[PDB]
file target18.pdb (PDB, C-alpha atoms and all ligand atoms)
MODEL        1
ATOM      1  CA  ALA A   1       0.000   0.000   0.000  1.00  0.00           C
ATOM      2  CA  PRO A   2       1.082   3.669  -0.196  1.00  0.00           C
ATOM      3  CA  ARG A   3       2.946   4.848   2.886  1.00  0.00           C
ATOM      4  CA  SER A   4       0.279   7.275   3.751  1.00  0.00           C
ATOM      5  CA  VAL A   5      -3.279   7.933   2.510  1.00  0.00           C
ATOM      6  CA  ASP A   6      -5.621  10.910   3.221  1.00  0.00           C
ATOM      7  CA  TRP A   7      -8.964  10.671   1.393  1.00  0.00           C
ATOM      8  CA  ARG A   8      -9.757  14.237   2.536  1.00  0.00           C
ATOM      9  CA  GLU A   9      -7.177  15.445  -0.054  1.00  0.00           C
ATOM     10  CA  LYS A  10      -9.134  13.722  -2.899  1.00  0.00           C
ATOM     11  CA  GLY A  11     -12.559  15.168  -2.020  1.00  0.00           C
ATOM     12  CA  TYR A  12     -14.161  12.062  -0.388  1.00  0.00           C
ATOM     13  CA  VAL A  13     -14.906  13.593   3.097  1.00  0.00           C
ATOM     14  CA  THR A  14     -17.514  16.079   4.275  1.00  0.00           C
ATOM     15  CA  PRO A  15     -16.788  18.461   7.170  1.00  0.00           C
ATOM     16  CA  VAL A  16     -16.838  17.079  10.746  1.00  0.00           C
ATOM     17  CA  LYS A  17     -20.396  16.831  12.170  1.00  0.00           C
ATOM     18  CA  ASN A  18     -21.605  16.755  15.773  1.00  0.00           C
ATOM     19  CA  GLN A  19     -23.888  13.937  16.914  1.00  0.00           C
ATOM     20  CA  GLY A  20     -24.799  15.888  20.143  1.00  0.00           C
ATOM     21  CA  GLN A  21     -26.274  13.988  23.105  1.00  0.00           C
ATOM     22  CA  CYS A  22     -27.692  11.141  20.959  1.00  0.00           C
ATOM     23  CA  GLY A  23     -26.011   7.675  20.611  1.00  0.00           C
ATOM     24  CA  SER A  24     -25.930   8.055  16.781  1.00  0.00           C
ATOM     25  CA  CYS A  25     -22.167   7.641  16.181  1.00  0.00           C
ATOM     26  CA  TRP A  26     -23.066   4.610  14.020  1.00  0.00           C
ATOM     27  CA  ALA A  27     -25.158   6.791  11.761  1.00  0.00           C
ATOM     28  CA  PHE A  28     -22.392   9.316  11.304  1.00  0.00           C
ATOM     29  CA  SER A  29     -19.846   6.550  10.622  1.00  0.00           C
ATOM     30  CA  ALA A  30     -22.230   5.019   8.045  1.00  0.00           C
ATOM     31  CA  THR A  31     -22.998   8.297   6.292  1.00  0.00           C
ATOM     32  CA  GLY A  32     -19.244   9.113   6.138  1.00  0.00           C
ATOM     33  CA  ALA A  33     -18.505   5.754   4.447  1.00  0.00           C
ATOM     34  CA  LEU A  34     -21.433   6.115   2.010  1.00  0.00           C
ATOM     35  CA  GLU A  35     -20.478   9.763   1.283  1.00  0.00           C
ATOM     36  CA  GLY A  36     -17.028   8.445   0.202  1.00  0.00           C
ATOM     37  CA  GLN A  37     -18.431   5.619  -1.914  1.00  0.00           C
ATOM     38  CA  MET A  38     -21.007   7.824  -3.654  1.00  0.00           C
ATOM     39  CA  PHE A  39     -18.251  10.377  -4.357  1.00  0.00           C
ATOM     40  CA  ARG A  40     -16.048   7.646  -5.930  1.00  0.00           C
ATOM     41  CA  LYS A  41     -19.039   6.575  -8.019  1.00  0.00           C
ATOM     42  CA  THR A  42     -20.400   9.940  -9.195  1.00  0.00           C
ATOM     43  CA  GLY A  43     -17.846  12.689  -8.479  1.00  0.00           C
ATOM     44  CA  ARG A  44     -20.275  14.563  -6.248  1.00  0.00           C
ATOM     45  CA  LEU A  45     -19.780  14.900  -2.520  1.00  0.00           C
ATOM     46  CA  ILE A  46     -23.202  15.211  -0.880  1.00  0.00           C
ATOM     47  CA  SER A  47     -23.707  15.195   2.933  1.00  0.00           C
ATOM     48  CA  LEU A  48     -26.147  12.461   3.836  1.00  0.00           C
ATOM     49  CA  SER A  49     -28.857  12.321   6.484  1.00  0.00           C
ATOM     50  CA  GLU A  50     -27.985  10.673   9.735  1.00  0.00           C
ATOM     51  CA  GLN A  51     -31.533  11.601  10.920  1.00  0.00           C
ATOM     52  CA  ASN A  52     -32.935   9.407   8.188  1.00  0.00           C
ATOM     53  CA  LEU A  53     -30.922   6.520   9.555  1.00  0.00           C
ATOM     54  CA  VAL A  54     -31.789   7.311  13.246  1.00  0.00           C
ATOM     55  CA  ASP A  55     -35.566   7.522  12.487  1.00  0.00           C
ATOM     56  CA  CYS A  56     -35.982   4.756   9.958  1.00  0.00           C
ATOM     57  CA  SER A  57     -33.554   1.830  10.428  1.00  0.00           C
ATOM     58  CA  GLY A  58     -35.231   0.036  13.333  1.00  0.00           C
ATOM     59  CA  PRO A  59     -36.294  -2.946  11.198  1.00  0.00           C
ATOM     60  CA  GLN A  60     -32.568  -3.621  10.408  1.00  0.00           C
ATOM     61  CA  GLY A  61     -31.657  -3.651  14.182  1.00  0.00           C
ATOM     62  CA  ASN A  62     -30.773  -0.053  14.951  1.00  0.00           C
ATOM     63  CA  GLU A  63     -31.961   1.622  18.129  1.00  0.00           C
ATOM     64  CA  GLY A  64     -31.934   5.297  17.280  1.00  0.00           C
ATOM     65  CA  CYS A  65     -30.180   7.454  19.927  1.00  0.00           C
ATOM     66  CA  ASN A  66     -29.599   4.231  21.958  1.00  0.00           C
ATOM     67  CA  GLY A  67     -27.028   2.890  19.414  1.00  0.00           C
ATOM     68  CA  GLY A  68     -26.852   0.814  16.267  1.00  0.00           C
ATOM     69  CA  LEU A  69     -24.346  -0.673  13.811  1.00  0.00           C
ATOM     70  CA  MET A  70     -22.969   0.710  10.562  1.00  0.00           C
ATOM     71  CA  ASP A  71     -23.740  -2.558   8.791  1.00  0.00           C
ATOM     72  CA  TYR A  72     -27.416  -2.316   9.893  1.00  0.00           C
ATOM     73  CA  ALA A  73     -27.412   1.184   8.412  1.00  0.00           C
ATOM     74  CA  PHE A  74     -25.976  -0.041   5.067  1.00  0.00           C
ATOM     75  CA  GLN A  75     -28.603  -2.802   5.094  1.00  0.00           C
ATOM     76  CA  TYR A  76     -31.360  -0.199   5.651  1.00  0.00           C
ATOM     77  CA  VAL A  77     -30.212   1.863   2.672  1.00  0.00           C
ATOM     78  CA  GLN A  78     -30.256  -1.295   0.457  1.00  0.00           C
ATOM     79  CA  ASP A  79     -33.696  -2.411   1.760  1.00  0.00           C
ATOM     80  CA  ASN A  80     -35.070   1.105   1.508  1.00  0.00           C
ATOM     81  CA  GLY A  81     -33.773   1.847  -1.952  1.00  0.00           C
ATOM     82  CA  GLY A  82     -32.218   5.132  -0.972  1.00  0.00           C
ATOM     83  CA  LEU A  83     -31.144   7.706   1.665  1.00  0.00           C
ATOM     84  CA  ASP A  84     -31.998  11.318   1.779  1.00  0.00           C
ATOM     85  CA  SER A  85     -29.535  14.232   1.757  1.00  0.00           C
ATOM     86  CA  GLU A  86     -28.625  16.043   5.026  1.00  0.00           C
ATOM     87  CA  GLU A  87     -30.078  19.227   3.494  1.00  0.00           C
ATOM     88  CA  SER A  88     -33.482  17.514   2.851  1.00  0.00           C
ATOM     89  CA  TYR A  89     -33.631  15.671   6.185  1.00  0.00           C
ATOM     90  CA  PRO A  90     -31.509  17.654   8.756  1.00  0.00           C
ATOM     91  CA  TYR A  91     -30.191  16.292  11.982  1.00  0.00           C
ATOM     92  CA  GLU A  92     -32.290  16.682  15.190  1.00  0.00           C
ATOM     93  CA  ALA A  93     -30.301  14.601  17.688  1.00  0.00           C
ATOM     94  CA  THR A  94     -33.440  12.779  18.930  1.00  0.00           C
ATOM     95  CA  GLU A  95     -35.229   9.815  17.365  1.00  0.00           C
ATOM     96  CA  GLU A  96     -38.421  10.843  15.634  1.00  0.00           C
ATOM     97  CA  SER A  97     -40.923   9.199  13.200  1.00  0.00           C
ATOM     98  CA  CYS A  98     -39.521   8.132   9.877  1.00  0.00           C
ATOM     99  CA  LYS A  99     -39.774  10.967   7.295  1.00  0.00           C
ATOM    100  CA  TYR A 100     -37.867   9.285   4.389  1.00  0.00           C
ATOM    101  CA  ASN A 101     -38.962  10.752   1.043  1.00  0.00           C
ATOM    102  CA  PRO A 102     -37.523   9.003  -2.092  1.00  0.00           C
ATOM    103  CA  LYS A 103     -37.743  12.276  -4.026  1.00  0.00           C
ATOM    104  CA  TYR A 104     -34.765  13.540  -2.026  1.00  0.00           C
ATOM    105  CA  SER A 105     -32.727  10.359  -2.049  1.00  0.00           C
ATOM    106  CA  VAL A 106     -29.140  10.996  -3.216  1.00  0.00           C
ATOM    107  CA  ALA A 107     -27.495   7.660  -2.265  1.00  0.00           C
ATOM    108  CA  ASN A 108     -28.029   3.899  -2.458  1.00  0.00           C
ATOM    109  CA  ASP A 109     -26.054   0.791  -1.708  1.00  0.00           C
ATOM    110  CA  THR A 110     -26.080  -2.818  -2.764  1.00  0.00           C
ATOM    111  CA  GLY A 111     -24.739  -4.328   0.467  1.00  0.00           C
ATOM    112  CA  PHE A 112     -21.552  -4.002   2.411  1.00  0.00           C
ATOM    113  CA  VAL A 113     -18.193  -5.679   2.967  1.00  0.00           C
ATOM    114  CA  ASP A 114     -16.820  -6.655   6.405  1.00  0.00           C
ATOM    115  CA  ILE A 115     -13.026  -6.356   6.386  1.00  0.00           C
ATOM    116  CA  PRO A 116     -10.951  -9.167   7.854  1.00  0.00           C
ATOM    117  CA  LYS A 117     -10.093  -8.412  11.485  1.00  0.00           C
ATOM    118  CA  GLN A 118      -6.455  -7.275  11.092  1.00  0.00           C
ATOM    119  CA  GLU A 119      -4.754  -4.036  10.574  1.00  0.00           C
ATOM    120  CA  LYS A 120      -2.976  -5.084   7.312  1.00  0.00           C
ATOM    121  CA  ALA A 121      -6.405  -5.890   5.784  1.00  0.00           C
ATOM    122  CA  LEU A 122      -7.663  -2.559   7.056  1.00  0.00           C
ATOM    123  CA  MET A 123      -4.749  -0.733   5.493  1.00  0.00           C
ATOM    124  CA  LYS A 124      -5.375  -2.449   2.133  1.00  0.00           C
ATOM    125  CA  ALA A 125      -9.098  -1.498   2.331  1.00  0.00           C
ATOM    126  CA  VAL A 126      -8.410   2.110   3.123  1.00  0.00           C
ATOM    127  CA  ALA A 127      -5.823   2.344   0.287  1.00  0.00           C
ATOM    128  CA  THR A 128      -8.116   0.705  -2.361  1.00  0.00           C
ATOM    129  CA  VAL A 129     -11.696   1.712  -1.351  1.00  0.00           C
ATOM    130  CA  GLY A 130     -11.865   5.076   0.385  1.00  0.00           C
ATOM    131  CA  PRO A 131     -13.005   5.904   3.932  1.00  0.00           C
ATOM    132  CA  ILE A 132     -13.937   2.892   6.015  1.00  0.00           C
ATOM    133  CA  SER A 133     -16.428   2.661   8.935  1.00  0.00           C
ATOM    134  CA  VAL A 134     -14.836   1.213  12.094  1.00  0.00           C
ATOM    135  CA  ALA A 135     -15.637   0.815  15.777  1.00  0.00           C
ATOM    136  CA  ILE A 136     -13.236   1.557  18.502  1.00  0.00           C
ATOM    137  CA  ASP A 137     -12.991   1.269  22.281  1.00  0.00           C
ATOM    138  CA  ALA A 138     -13.528   4.961  23.025  1.00  0.00           C
ATOM    139  CA  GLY A 139     -14.569   4.336  26.673  1.00  0.00           C
ATOM    140  CA  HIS A 140     -11.588   6.039  28.481  1.00  0.00           C
ATOM    141  CA  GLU A 141     -11.344   9.573  29.650  1.00  0.00           C
ATOM    142  CA  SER A 142      -8.098   9.680  27.758  1.00  0.00           C
ATOM    143  CA  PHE A 143     -10.274   9.556  24.574  1.00  0.00           C
ATOM    144  CA  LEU A 144     -12.868  12.026  25.796  1.00  0.00           C
ATOM    145  CA  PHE A 145     -10.204  14.556  26.559  1.00  0.00           C
ATOM    146  CA  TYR A 146      -7.886  13.681  23.635  1.00  0.00           C
ATOM    147  CA  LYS A 147      -6.381  16.900  22.038  1.00  0.00           C
ATOM    148  CA  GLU A 148      -3.531  15.907  19.690  1.00  0.00           C
ATOM    149  CA  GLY A 149      -0.857  13.425  18.725  1.00  0.00           C
ATOM    150  CA  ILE A 150      -1.110   9.709  18.463  1.00  0.00           C
ATOM    151  CA  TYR A 151      -3.741   8.232  20.719  1.00  0.00           C
ATOM    152  CA  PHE A 152      -2.412   5.257  22.693  1.00  0.00           C
ATOM    153  CA  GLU A 153      -4.316   3.858  25.721  1.00  0.00           C
ATOM    154  CA  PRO A 154      -2.703   0.989  27.586  1.00  0.00           C
ATOM    155  CA  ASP A 155      -6.084  -0.085  28.804  1.00  0.00           C
ATOM    156  CA  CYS A 156      -7.730  -0.138  25.408  1.00  0.00           C
ATOM    157  CA  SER A 157      -9.561  -3.288  24.340  1.00  0.00           C
ATOM    158  CA  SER A 158      -9.280  -4.866  20.854  1.00  0.00           C
ATOM    159  CA  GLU A 159     -12.544  -6.782  21.560  1.00  0.00           C
ATOM    160  CA  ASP A 160     -14.816  -4.317  23.397  1.00  0.00           C
ATOM    161  CA  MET A 161     -15.518  -1.375  21.098  1.00  0.00           C
ATOM    162  CA  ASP A 162     -18.246   1.150  21.846  1.00  0.00           C
ATOM    163  CA  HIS A 163     -17.989   3.966  19.393  1.00  0.00           C
ATOM    164  CA  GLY A 164     -18.408   4.116  15.500  1.00  0.00           C
ATOM    165  CA  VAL A 165     -16.100   6.419  13.625  1.00  0.00           C
ATOM    166  CA  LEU A 166     -14.558   6.710  10.082  1.00  0.00           C
ATOM    167  CA  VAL A 167     -10.969   5.941   9.008  1.00  0.00           C
ATOM    168  CA  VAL A 168     -10.140   8.422   6.263  1.00  0.00           C
ATOM    169  CA  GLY A 169      -6.362   7.515   5.899  1.00  0.00           C
ATOM    170  CA  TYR A 170      -3.260   6.520   7.653  1.00  0.00           C
ATOM    171  CA  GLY A 171       0.368   7.750   7.910  1.00  0.00           C
ATOM    172  CA  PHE A 172       3.239   8.208  10.256  1.00  0.00           C
ATOM    173  CA  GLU A 173       4.657  10.996  12.399  1.00  0.00           C
ATOM    174  CA  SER A 174       7.609  13.108  11.030  1.00  0.00           C
ATOM    175  CA  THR A 175       9.382  13.253  14.461  1.00  0.00           C
ATOM    176  CA  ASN A 180       4.735   6.122  15.353  1.00  0.00           C
ATOM    177  CA  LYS A 181       2.194   5.014  12.688  1.00  0.00           C
ATOM    178  CA  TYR A 182      -1.442   6.141  12.950  1.00  0.00           C
ATOM    179  CA  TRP A 183      -4.874   5.780  11.471  1.00  0.00           C
ATOM    180  CA  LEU A 184      -6.474   9.103  10.595  1.00  0.00           C
ATOM    181  CA  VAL A 185      -9.986   8.980  12.189  1.00  0.00           C
ATOM    182  CA  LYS A 186     -12.901  11.383  11.673  1.00  0.00           C
ATOM    183  CA  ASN A 187     -15.093  11.591  14.772  1.00  0.00           C
ATOM    184  CA  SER A 188     -18.641  13.061  15.091  1.00  0.00           C
ATOM    185  CA  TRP A 189     -17.996  15.188  18.233  1.00  0.00           C
ATOM    186  CA  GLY A 190     -17.727  18.436  16.345  1.00  0.00           C
ATOM    187  CA  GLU A 191     -14.554  20.316  15.233  1.00  0.00           C
ATOM    188  CA  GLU A 192     -13.544  21.459  18.764  1.00  0.00           C
ATOM    189  CA  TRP A 193     -12.742  17.962  19.874  1.00  0.00           C
ATOM    190  CA  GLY A 194      -9.248  16.448  19.078  1.00  0.00           C
ATOM    191  CA  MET A 195      -7.456  17.752  15.992  1.00  0.00           C
ATOM    192  CA  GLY A 196     -10.178  19.679  14.280  1.00  0.00           C
ATOM    193  CA  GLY A 197     -12.576  16.796  14.952  1.00  0.00           C
ATOM    194  CA  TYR A 198     -10.022  14.083  14.094  1.00  0.00           C
ATOM    195  CA  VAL A 199      -7.944  11.692  16.127  1.00  0.00           C
ATOM    196  CA  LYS A 200      -4.688   9.866  15.182  1.00  0.00           C
ATOM    197  CA  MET A 201      -5.253   6.389  16.536  1.00  0.00           C
ATOM    198  CA  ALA A 202      -2.157   4.228  17.058  1.00  0.00           C
ATOM    199  CA  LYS A 203      -1.634   1.906  14.044  1.00  0.00           C
ATOM    200  CA  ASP A 204       0.228  -1.488  13.875  1.00  0.00           C
ATOM    201  CA  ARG A 205       0.084  -1.681  17.626  1.00  0.00           C
ATOM    202  CA  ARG A 206      -1.726  -4.934  18.122  1.00  0.00           C
ATOM    203  CA  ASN A 207      -5.092  -3.621  16.707  1.00  0.00           C
ATOM    204  CA  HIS A 208      -5.140  -0.900  19.305  1.00  0.00           C
ATOM    205  CA  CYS A 209      -8.652  -0.163  20.619  1.00  0.00           C
ATOM    206  CA  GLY A 210     -10.079  -2.735  18.220  1.00  0.00           C
ATOM    207  CA  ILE A 211      -9.972  -0.407  15.174  1.00  0.00           C
ATOM    208  CA  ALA A 212      -9.723  -3.371  12.807  1.00  0.00           C
ATOM    209  CA  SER A 213     -12.200  -5.512  14.676  1.00  0.00           C
ATOM    210  CA  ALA A 214     -15.437  -4.194  13.153  1.00  0.00           C
ATOM    211  CA  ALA A 215     -14.432  -2.412   9.989  1.00  0.00           C
ATOM    212  CA  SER A 216     -16.736  -2.270   6.932  1.00  0.00           C
ATOM    213  CA  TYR A 217     -17.920  -0.222   3.994  1.00  0.00           C
ATOM    214  CA  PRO A 218     -20.936  -0.130   1.710  1.00  0.00           C
ATOM    215  CA  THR A 219     -20.961  -1.275  -1.923  1.00  0.00           C
ATOM    216  CA  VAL A 220     -22.556   1.058  -4.404  1.00  0.00           C
TER     217      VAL A 220
HETATM  218  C1  LIG A 301     -22.546   5.965  19.409  1.00  0.00           C
HETATM  219  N1  LIG A 301     -22.630   7.208  19.771  1.00  0.00           N
HETATM  220  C2  LIG A 301     -23.093   4.923  20.195  1.00  0.00           C
HETATM  221  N2  LIG A 301     -23.738   5.250  21.331  1.00  0.00           N
HETATM  222  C3  LIG A 301     -24.219   4.198  21.958  1.00  0.00           C
HETATM  223  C4  LIG A 301     -24.120   2.893  21.616  1.00  0.00           C
HETATM  224  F1  LIG A 301     -24.688   1.882  22.364  1.00  0.00           F
HETATM  225  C5  LIG A 301     -23.384   2.595  20.376  1.00  0.00           C
HETATM  226  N3  LIG A 301     -23.199   1.404  19.829  1.00  0.00           N
HETATM  227  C6  LIG A 301     -22.512   1.384  18.456  1.00  0.00           C
HETATM  228  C7  LIG A 301     -20.973   1.843  18.462  1.00  0.00           C
HETATM  229  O1  LIG A 301     -20.254   0.740  18.714  1.00  0.00           O
HETATM  230  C8  LIG A 301     -19.999  -0.253  17.736  1.00  0.00           C
HETATM  231  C9  LIG A 301     -20.384  -0.120  16.355  1.00  0.00           C
HETATM  232  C10 LIG A 301     -20.017  -1.152  15.544  1.00  0.00           C
HETATM  233  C11 LIG A 301     -19.487  -2.236  16.085  1.00  0.00           C
HETATM  234  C12 LIG A 301     -19.248  -2.508  17.426  1.00  0.00           C
HETATM  235  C13 LIG A 301     -19.502  -1.421  18.277  1.00  0.00           C
HETATM  236  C14 LIG A 301     -23.415   0.064  20.440  1.00  0.00           C
HETATM  237  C15 LIG A 301     -24.748  -0.457  20.015  1.00  0.00           C
HETATM  238  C16 LIG A 301     -25.981  -0.110  20.665  1.00  0.00           C
HETATM  239  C17 LIG A 301     -27.279  -0.495  20.299  1.00  0.00           C
HETATM  240  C18 LIG A 301     -27.372  -1.350  19.249  1.00  0.00           C
HETATM  241  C19 LIG A 301     -26.169  -1.702  18.588  1.00  0.00           C
HETATM  242  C20 LIG A 301     -24.879  -1.287  19.009  1.00  0.00           C
HETATM  243  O2  LIG A 301     -26.569  -2.564  17.604  1.00  0.00           O
HETATM  244  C21 LIG A 301     -27.853  -3.075  17.942  1.00  0.00           C
HETATM  245  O3  LIG A 301     -28.414  -1.933  18.580  1.00  0.00           O
HETATM  246  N4  LIG A 301     -22.945   3.663  19.748  1.00  0.00           N
ENDMDL
END
call {"tool": "encode", "arguments": {"input": "target18.pdb", "output": "structure tokens", "more": "lines below"}}
Ligand SMILES: *C(=N)c1ncc(F)c(N(CCOc2ccccc2)Cc2ccc3c(c2)OCO3)n1
result
Amino acid sequence: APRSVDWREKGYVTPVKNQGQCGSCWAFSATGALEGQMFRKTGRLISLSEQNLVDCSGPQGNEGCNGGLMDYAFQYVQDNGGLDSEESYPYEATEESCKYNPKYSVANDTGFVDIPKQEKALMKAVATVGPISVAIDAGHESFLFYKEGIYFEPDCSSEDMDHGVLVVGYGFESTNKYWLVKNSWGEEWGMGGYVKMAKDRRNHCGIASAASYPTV
């Protein structure tokens, strides 16, 4: 693979969003992966509606602001035949009745791929596909209060992840490998909304344990 990758530089990544006090990280991880895949397919980068996922993907297993899985979101978009734009269906940070309107659908998917559970497979996916949805163990104050540099937490689990985020690239410090992760905690958290998660450190915080992307 290339020694570093940053899909932001190629136009695949919308600005950092803020999930607020709703357990909708999964929805933001899923929209970020589908935003990348639709951009690779069409050349247009269009922010997608997490609210549509929060309100409408119960049949596929999601639980609104109580949590959900990116793969259940990709399954909803396939079963539904579409997903509305953020502009048509803006975020409210509370689960509400489903308001999906196919007129304003700007994305679709035909399933999803679960990446083998190892960092070399993750690297190959990020280099060949685009941004990849992943889950991490974010359940340490060291994560909550992360500001900059490479995130390493000696108590991180590779098995017990609790937060969905988006890997948009990977690289190494010029001073030590990292994954470049877009969070959904707004731009004031971490490095403009991003975190450098340790890479090639025994699948630190389980970043390669639940990685996937949608097919389009
Ligand atoms: C995100 N803000 C958030 N908040 C609460 C919460 F319970 C979760 N879950 C998803 C993030 O963690 C993972 C995603 C992918 C893989 C492994 C972990 C956990 C969760 C809660 C509720 C349901 C889930 C998952 O699926 C069935 O319903 N995220």
call {"tool": "resolve_selection", "arguments": {"input": "target18.pdb", "expression": "the PyMOL selection byres (((chain A and resi 148-162) around 6) and not hetatm)", "output": "PyMOL selection string"}}
result
chain A and resi 135-137+147+163+194-195+200-202+208-210
call {"tool": "closest_atom_pairs", "arguments": {"input": "target18.pdb", "of": "chain A", "to": "ligand LIG 301 (chain A)", "cutoff": "6 Å", "atoms": "all atoms listed in the file", "output": "tab-separated table"}}
result
residue	atom	partner	partner_atom	distance
A:23	CA	A:LIG301	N2	3.4
A:24	CA	A:LIG301	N1	4.5
A:25	CA	A:LIG301	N1	3.6
A:26	CA	A:LIG301	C6	5.5
A:61	CA	A:LIG301	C21	5.4
A:62	CA	A:LIG301	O3	4.7
A:63	CA	A:LIG301	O3	5.0
A:66	CA	A:LIG301	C3	5.4
A:67	CA	A:LIG301	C16	3.4
A:68	CA	A:LIG301	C19	3.5
A:69	CA	A:LIG301	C10	4.7
A:135	CA	A:LIG301	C10	4.8
A:161	CA	A:LIG301	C13	4.9
A:162	CA	A:LIG301	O1	3.7
A:163	CA	A:LIG301	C7	3.8
A:164	CA	A:LIG301	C7	4.5
A:214	CA	A:LIG301	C11	5.4
call {"tool": "residues_around", "arguments": {"input": "target18.pdb", "residues": "residue A:29", "least_positions_apart": "6", "cutoff": "7 Å", "atoms": "only C-alpha atoms", "output": "VMD selection string"}}
result
chain A and resid 70 133 164 to 166
call {"tool": "residues_around", "arguments": {"input": "target18.pdb", "residues": "residue A:48", "least_positions_apart": "3", "cutoff": "10 Å", "atoms": "only C-alpha atoms", "output": "ChimeraX atom specification"}}
result
/A:14,27-28,30-32,34-35,45,51-53,83-91,105-107
call {"tool": "closest_residue", "arguments": {"input": "target18.pdb", "among": "A:169, A:43, A:196, A:11", "to": "residue A:127", "atoms": "only C-alpha atoms"}}
result
A:169
call {"tool": "build_atoms", "arguments": {"input": "target18.pdb", "residues": "stretch 137-156 of chain A", "atoms": "N, CA and C atoms", "output": "CSV table (one decimal), keeping the file's coordinate frame"}}
result
chain,number,residue,atom,x,y,z
A,137,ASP,N,-12.8,1.1,20.9
A,137,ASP,CA,-13.0,1.3,22.3
A,137,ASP,C,-12.7,2.7,22.6
A,138,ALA,N,-13.7,3.5,22.7
A,138,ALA,CA,-13.5,5.0,23.0
A,138,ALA,C,-13.8,5.3,24.6
A,139,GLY,N,-14.0,4.2,25.3
A,139,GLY,CA,-14.6,4.3,26.7
A,139,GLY,C,-13.5,4.7,27.7
A,140,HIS,N,-12.6,5.6,27.4
A,140,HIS,CA,-11.6,6.0,28.5
A,140,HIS,C,-11.6,7.5,28.4
A,141,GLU,N,-11.4,8.1,29.6
A,141,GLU,CA,-11.3,9.6,29.6
A,141,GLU,C,-10.3,10.1,28.8
A,142,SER,N,-9.2,9.3,28.7
A,142,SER,CA,-8.1,9.7,27.8
A,142,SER,C,-8.6,10.0,26.3
A,143,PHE,N,-9.6,9.3,25.9
A,143,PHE,CA,-10.3,9.6,24.6
A,143,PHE,C,-11.2,10.8,24.5
A,144,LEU,N,-11.9,10.9,25.6
A,144,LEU,CA,-12.9,12.0,25.8
A,144,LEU,C,-12.1,13.3,25.7
A,145,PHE,N,-11.0,13.3,26.5
A,145,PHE,CA,-10.2,14.6,26.6
A,145,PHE,C,-9.0,14.6,25.6
A,146,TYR,N,-9.0,13.7,24.6
A,146,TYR,CA,-7.9,13.7,23.6
A,146,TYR,C,-7.7,15.1,22.9
A,147,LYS,N,-6.5,15.6,22.8
A,147,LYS,CA,-6.4,16.9,22.0
A,147,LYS,C,-5.6,16.8,20.8
A,148,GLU,N,-4.5,16.0,20.8
A,148,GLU,CA,-3.5,15.9,19.7
A,148,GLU,C,-2.5,14.9,19.8
A,149,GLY,N,-1.8,14.5,18.8
A,149,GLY,CA,-0.9,13.4,18.7
A,149,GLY,C,-1.4,12.1,18.5
A,150,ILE,N,-0.6,11.0,18.6
A,150,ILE,CA,-1.1,9.7,18.5
A,150,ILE,C,-1.8,9.2,19.7
A,151,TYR,N,-3.1,8.8,19.7
A,151,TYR,CA,-3.7,8.2,20.7
A,151,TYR,C,-3.3,6.8,21.0
A,152,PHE,N,-2.7,6.6,22.2
A,152,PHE,CA,-2.4,5.3,22.7
A,152,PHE,C,-2.9,5.1,24.2
A,153,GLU,N,-3.8,4.1,24.4
A,153,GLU,CA,-4.3,3.9,25.7
A,153,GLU,C,-4.0,2.4,26.1
A,154,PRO,N,-3.2,2.3,27.2
A,154,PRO,CA,-2.7,1.0,27.6
A,154,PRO,C,-3.8,0.1,28.0
A,155,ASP,N,-4.9,0.8,28.4
A,155,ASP,CA,-6.1,-0.1,28.8
A,155,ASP,C,-7.1,-0.3,27.7
A,156,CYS,N,-6.8,0.0,26.5
A,156,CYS,CA,-7.7,-0.1,25.4
A,156,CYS,C,-8.0,-1.6,25.1
